[PDB]
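**Q**
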Amino acid sequence: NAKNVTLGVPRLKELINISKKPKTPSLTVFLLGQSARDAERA
DNA sequence: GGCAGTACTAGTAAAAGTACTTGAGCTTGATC
RNA sequence: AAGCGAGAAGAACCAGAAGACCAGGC
DNA sequence: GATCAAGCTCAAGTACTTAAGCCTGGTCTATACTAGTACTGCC
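With the UniProt record's numbering applied, the first sequence covers 1104, 1113 to 1153.
Laid out in structure tokens, this is it:
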């Protein structure tokens, strides 16, 4: 076995069994301009 | 020594995941 | 260099469970 | 032009396969009813 992310043997198992529903599927969204710099637009 | 009675041997009796199939609802066309 | 009695072989001659369950080390 | 029937697609439900390695000891192993099978007293 801030936020919770699947890691270790479970995560490796999901990666190699190419599961459809990951236990903790997430998105690393990256901002472009001012939204990226300031926090109000973000 | 034969008949019937009886005990023994036998012989039969508090898993999880993925894939496939079926049913229902949509999509399209044909007919009156 | 030593040197003071004799020998030779008849017959024939290893063993399986397997299965289940439990405990235990790593 | 509208309705009905047929075909196609999607979602849900049910069934089938895998669960680390090797290594050491121990104990335990079908009733149950049955017909025949012989013995053995009883007469």
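We treat Cβ as the ideally placed atom computed from N, Cα and C, and that holds for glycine.
#1: Are residue 1119 and residue 1104 touching if we call contact CB-CB under 8 Å?
#2: Which of the three DSSP states is assigned to residue 1148 in this structure?
#3: For residue 1125, which residues from the same chain have a beta carbon less than 8 Å from its beta carbon, with the 5 sequence-adjacent residues on both sides left out?
#4: So residue 1128 is in the alpha helix (DSSP H); what residue range does that whole segment cover?
#5: Do you know whose CA, among 1131, 1137 and 1151, lies nearest residue 1115's CA?
**A** Let me spell this out:
#1: Yes, they are a contact pair.
#2: In the displayed model, residue 1148 falls within a helix according to three-state DSSP.
#3: Taken in chain order, the residues that qualify are 1117, 1133 and 1134.
#4: Per DSSP, residue 1128 belongs to the alpha helix (DSSP H) from 1120–1128.
#5: Per the Cα distances, 1137.
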